[PDB]
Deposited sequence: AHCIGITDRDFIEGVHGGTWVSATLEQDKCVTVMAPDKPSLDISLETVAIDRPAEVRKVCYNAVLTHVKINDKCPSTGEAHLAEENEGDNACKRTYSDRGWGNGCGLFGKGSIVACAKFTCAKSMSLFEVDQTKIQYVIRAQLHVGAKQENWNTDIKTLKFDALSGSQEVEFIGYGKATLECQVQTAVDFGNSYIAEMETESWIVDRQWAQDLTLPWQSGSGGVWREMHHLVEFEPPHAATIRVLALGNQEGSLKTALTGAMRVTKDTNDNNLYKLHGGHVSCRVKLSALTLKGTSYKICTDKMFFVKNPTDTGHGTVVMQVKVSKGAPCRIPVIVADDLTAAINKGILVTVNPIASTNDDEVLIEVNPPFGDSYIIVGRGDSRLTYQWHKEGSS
């Protein structure tokens, strides 16, 4: 993968040596020592295991067993047993009663209608427990070690050949704030949605400890009453509106092995590796200066950053400089570089670059001089 730098590791006169690295997915870091095999450490996955299901939202509903009870004037209020039953949606009203409908005197008469409510199609919402976030870090000598990590369980111990015992102290950083977000499951598909957005949906819902359906009236319509009948109509499937609303949302991908795991699109793990006293070797990187190509143009991550892929053909292993300025003068950088150590290991080699551009219109400038690439980006 990529090799650590001099400042990245430190060796004590006594005790151990510490390596501090930031690992991101699809990226690896390698550590090498004299008369010892090189060690490669990479971040494999960041994932969520069976997040709890907080709420169910209903976008298609069905009504059955329409029941009606009617009373004449001076006969009392009308009642139905289904009014007590939870599955039903009920309406209470008055209708015009007279000689026409079999009533002795002309007046308002009590009427009640009940219909059994069923949610044909529903959307699930899951809340992520941030202390349960899991990441897997894998280290292999040039014997493989797979280390399973938890936000709670930061420290894990491992033993390597020639390097001896080592301890990893890790922290997760995630690209999206799950305090403000839900994971929304519709059929096969899944998304990340704003919590308040989901809570404001004018559709029936059910708690995750299934209680009964709430605010059924959003998909239920009670027509104006006639003499002793009311028409109760379920509203049409609201999948179209919901799917249209979900276009501006970032998809989440279920893992391929377990398929009950959600895999986070981004975010990185900051680790400190403690080793027994060792002398390690670090490389130093030069800023690239020439010949860069856009293998993949900058594209929206969906969490407010843009990613690109670039090729370095000339000439070196070098660190790539990225800035985002609202000028072409590139005098003041207005952007933040999400990617850590965006480096080219070899010539003709592709590298990922993630950037957080300012709101409005900006220029993403990669490299320097006549050789530099530029791209124009709009952010809302």
Inset, instruction - Could you sort out which parts of the deposited sequence are absent from the coordinates (no C-alpha) and give them as ranges from 1? - result: 1-2, 145-154, 393-395
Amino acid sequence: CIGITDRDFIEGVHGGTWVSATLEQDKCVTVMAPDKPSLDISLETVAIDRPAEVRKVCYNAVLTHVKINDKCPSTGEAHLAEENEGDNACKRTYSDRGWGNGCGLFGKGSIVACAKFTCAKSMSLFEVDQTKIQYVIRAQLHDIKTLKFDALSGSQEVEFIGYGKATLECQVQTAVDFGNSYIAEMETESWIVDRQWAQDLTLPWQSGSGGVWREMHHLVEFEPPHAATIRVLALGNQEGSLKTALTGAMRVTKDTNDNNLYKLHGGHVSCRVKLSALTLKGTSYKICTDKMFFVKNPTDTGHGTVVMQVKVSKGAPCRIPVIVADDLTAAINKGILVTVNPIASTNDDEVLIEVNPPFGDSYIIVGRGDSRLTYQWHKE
From here on, numbers count along this sequence of modelled residues.
Legend entry - Stretch with the greater mean C-alpha B-factor as recorded in the entry, comparing 110-118 against 154-162: 154-162
Inset, instruction - Mind pulling up the entry and telling me whether 252-260 or 274-282 has the higher mean Cα temperature factor? - result: 252-260
Legend entry - Top residue by Cα temperature factor, when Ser362, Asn356, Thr22, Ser371 are compared in the entry: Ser371
Inset, instruction - Can you pull the Cα B-factors for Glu215, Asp194, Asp129, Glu239 from the entry and say which is highest? - result: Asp129
Inset, instruction - Sort the modelled residues of this chain by their C-alpha B factor and say whether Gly267 lands in the lowest, middle or highest third. - result: middle
Inset, instruction - Grab the CA temperature factor for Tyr182 from the record and place it in the lowest, middle or highest third of its chain. - result: lowest
Inset, instruction - Determine, from the deposited record, the chain-internal third of the Cα B-factor for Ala33: lowest, middle or highest. - result: highest
Inset, instruction - Would you please rank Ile137 by its C-alpha temperature factor against the other modelled residues of its chain and give the third it falls in: lowest, middle or highest? - result: lowest
Inset, instruction - Compare the C-alpha B factor of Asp327 with those of the other modelled residues in its chain, then answer lowest, middle or highest third. - result: highest
